[PDB]
Amino acid sequence: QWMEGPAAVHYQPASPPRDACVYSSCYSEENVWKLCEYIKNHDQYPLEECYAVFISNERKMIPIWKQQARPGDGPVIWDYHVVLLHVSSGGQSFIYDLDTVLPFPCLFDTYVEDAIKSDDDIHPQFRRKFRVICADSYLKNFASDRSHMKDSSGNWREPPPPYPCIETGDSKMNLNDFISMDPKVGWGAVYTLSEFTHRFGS
């Protein structure tokens, strides 16, 4: 037997159940934005306990396992993917990924173990980096005009979410500043995989 050395065993999700959440395939940045907006207006948890987490790398090719778009034990190769992280007040973190086949929400360590996996044996150009943005800052600063989702003739590659493009007073499109893993760009903090797990894991 091994006893763990505040466990959030009664943790109440910060979002509605997965199938009740606003969701569009291939717009995870907006799906997460909508979760942040829900948390802000629901008055259950301080928004500052939550973060948007962009996952990407310099070559924009990252594997993520346990993804609904590819059932089985293989990864989806994304250009980037976004999830929500809730650091609950006791310190236990949870990941909210509407695209995972793991639970929604899922304990942080389990998500990293099963969906992310170690980078140590991954071919280096596929290794994962993480940009972590406070959910308050994400709601205040994110903007996307969805222009990256159109083909060479201007037609949608994937159908857009059923509400107007997210914009701010400062920008109508800055999605590249969140996908970028250059710490000199954008908002929040950039972590390698091992730095990310060291920071938020058990």
# chains A, B, ... in the order shown; residues from 1 in each chain; ligands from 1
>>> select_by_dssp(residues="stretch 55-103 of chain A", states="strand (DSSP E)", output="ChimeraX atom specification")
/A:55-56,62-64,76-78,81-87,93-96
>>> write_last_selection(atoms="C-alpha atoms", output="PDB file, in the first residue's frame")
ATOM      1  CA  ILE A  55      -0.430  23.359 -26.561  1.00  0.00           C
ATOM      2  CA  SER A  56       1.800  23.697 -29.648  1.00  0.00           C
ATOM      3  CA  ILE A  62       1.909  18.125 -31.582  1.00  0.00           C
ATOM      4  CA  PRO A  63       0.549  14.662 -30.766  1.00  0.00           C
ATOM      5  CA  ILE A  64      -2.264  14.374 -28.239  1.00  0.00           C
ATOM      6  CA  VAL A  76      -4.066  13.124 -33.188  1.00  0.00           C
ATOM      7  CA  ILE A  77      -1.420  15.431 -34.663  1.00  0.00           C
ATOM      8  CA  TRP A  78      -2.710  18.975 -34.152  1.00  0.00           C
ATOM      9  CA  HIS A  81      -4.880  22.450 -29.123  1.00  0.00           C
ATOM     10  CA  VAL A  82      -6.380  24.400 -26.207  1.00  0.00           C
ATOM     11  CA  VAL A  83      -7.677  23.081 -22.859  1.00  0.00           C
ATOM     12  CA  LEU A  84      -8.861  24.670 -19.620  1.00  0.00           C
ATOM     13  CA  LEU A  85      -6.882  24.158 -16.395  1.00  0.00           C
ATOM     14  CA  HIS A  86      -8.515  24.697 -13.003  1.00  0.00           C
ATOM     15  CA  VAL A  87      -6.099  24.875 -10.076  1.00  0.00           C
ATOM     16  CA  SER A  93      -5.481  20.685 -10.732  1.00  0.00           C
ATOM     17  CA  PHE A  94      -8.102  19.521 -13.238  1.00  0.00           C
ATOM     18  CA  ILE A  95      -8.076  19.623 -17.053  1.00  0.00           C
ATOM     19  CA  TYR A  96     -11.271  20.367 -19.009  1.00  0.00           C
TER      20      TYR A  96
END
>>> select_by_dssp(residues="stretch 21-61 of chain A", states="alpha helix (DSSP H)", output="PyMOL selection string")
chain A and resi 28-42
>>> closest_residue(among="A:91, A:183, A:188, A:16", to="residue A:134", atoms="only C-alpha atoms")
A:188
>>> closest_atom_pairs(of="stretch 12-41 of chain A", to="stretch 135-152 of chain A", cutoff="10 Å", atoms="only C-alpha atoms", output="tab-separated table")
residue	atom	partner	partner_atom	distance
A:26	CA	A:149	CA	8.8
A:27	CA	A:146	CA	8.9
A:29	CA	A:144	CA	9.0
A:30	CA	A:144	CA	8.5
A:32	CA	A:135	CA	9.3
A:33	CA	A:139	CA	6.7
A:34	CA	A:139	CA	9.0
A:35	CA	A:135	CA	9.4
A:36	CA	A:135	CA	6.0
A:37	CA	A:139	CA	7.1
A:39	CA	A:135	CA	9.1
A:40	CA	A:136	CA	8.1
>>> write_last_selection(atoms="N, CA, C and O atoms", output="mmCIF file, in the first residue's frame")
data_model
loop_
_atom_site.group_PDB
_atom_site.id
_atom_site.type_symbol
_atom_site.label_atom_id
_atom_site.label_comp_id
_atom_site.auth_asym_id
_atom_site.auth_seq_id
_atom_site.Cartn_x
_atom_site.Cartn_y
_atom_site.Cartn_z
ATOM 1 N N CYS A 26 -12.613 21.617 -33.990
ATOM 2 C CA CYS A 26 -11.488 22.324 -34.603
ATOM 3 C C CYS A 26 -11.452 23.798 -34.204
ATOM 4 O O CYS A 26 -10.716 24.590 -34.835
ATOM 5 N N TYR A 27 -12.197 24.201 -33.166
ATOM 6 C CA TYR A 27 -12.148 25.547 -32.603
ATOM 7 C C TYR A 27 -11.937 25.482 -31.096
ATOM 8 O O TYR A 27 -12.585 26.205 -30.329
ATOM 9 N N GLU A 29 -9.804 26.696 -29.167
ATOM 10 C CA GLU A 29 -9.535 27.988 -28.537
ATOM 11 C C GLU A 29 -10.825 28.705 -28.138
ATOM 12 O O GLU A 29 -10.875 29.363 -27.095
ATOM 13 N N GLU A 30 -11.881 28.572 -28.951
ATOM 14 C CA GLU A 30 -13.151 29.213 -28.638
ATOM 15 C C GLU A 30 -13.965 28.377 -27.657
ATOM 16 O O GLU A 30 -14.674 28.938 -26.808
ATOM 17 N N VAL A 32 -12.753 26.709 -25.238
ATOM 18 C CA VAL A 32 -12.184 27.042 -23.937
ATOM 19 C C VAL A 32 -12.575 28.455 -23.521
ATOM 20 O O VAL A 32 -12.881 28.709 -22.348
ATOM 21 N N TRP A 33 -12.568 29.399 -24.471
ATOM 22 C CA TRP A 33 -13.029 30.748 -24.166
ATOM 23 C C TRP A 33 -14.443 30.718 -23.605
ATOM 24 O O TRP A 33 -14.749 31.398 -22.611
ATOM 25 N N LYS A 34 -15.312 29.887 -24.192
ATOM 26 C CA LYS A 34 -16.691 29.804 -23.728
ATOM 27 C C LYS A 34 -16.773 29.182 -22.343
ATOM 28 O O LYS A 34 -17.647 29.552 -21.552
ATOM 29 N N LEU A 35 -15.875 28.251 -22.016
ATOM 30 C CA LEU A 35 -15.839 27.741 -20.647
ATOM 31 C C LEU A 35 -15.421 28.835 -19.673
ATOM 32 O O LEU A 35 -16.003 28.963 -18.595
ATOM 33 N N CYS A 36 -14.423 29.647 -20.044
ATOM 34 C CA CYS A 36 -14.005 30.750 -19.183
ATOM 35 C C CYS A 36 -15.142 31.733 -18.963
ATOM 36 O O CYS A 36 -15.321 32.233 -17.852
ATOM 37 N N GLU A 37 -15.891 32.049 -20.027
ATOM 38 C CA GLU A 37 -17.031 32.951 -19.908
ATOM 39 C C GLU A 37 -18.091 32.368 -18.985
ATOM 40 O O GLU A 37 -18.659 33.081 -18.146
ATOM 41 N N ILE A 39 -17.526 30.283 -16.478
ATOM 42 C CA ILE A 39 -17.007 30.345 -15.116
ATOM 43 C C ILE A 39 -17.110 31.765 -14.574
ATOM 44 O O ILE A 39 -17.470 31.978 -13.407
ATOM 45 N N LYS A 40 -16.797 32.753 -15.407
ATOM 46 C CA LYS A 40 -16.872 34.143 -14.970
ATOM 47 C C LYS A 40 -18.281 34.501 -14.518
ATOM 48 O O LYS A 40 -18.463 35.132 -13.471
#
>>> closest_residue(among="A:75, A:6, A:201, A:162", to="residue A:24", atoms="only C-alpha atoms")
A:162
>>> closest_residue(among="A:179, A:69, A:190, A:107", to="residue A:8", atoms="only C-alpha atoms")
A:107
>>> closest_residue(among="A:156, A:5, A:133, A:178", to="residue A:80", atoms="only C-alpha atoms")
A:178
>>> closest_residue(among="A:202, A:194, A:45, A:67", to="residue A:97", atoms="only C-alpha atoms")
A:67
>>> closest_residue(among="A:88, A:57, A:100, A:118", to="residue A:181", atoms="only C-alpha atoms")
A:57
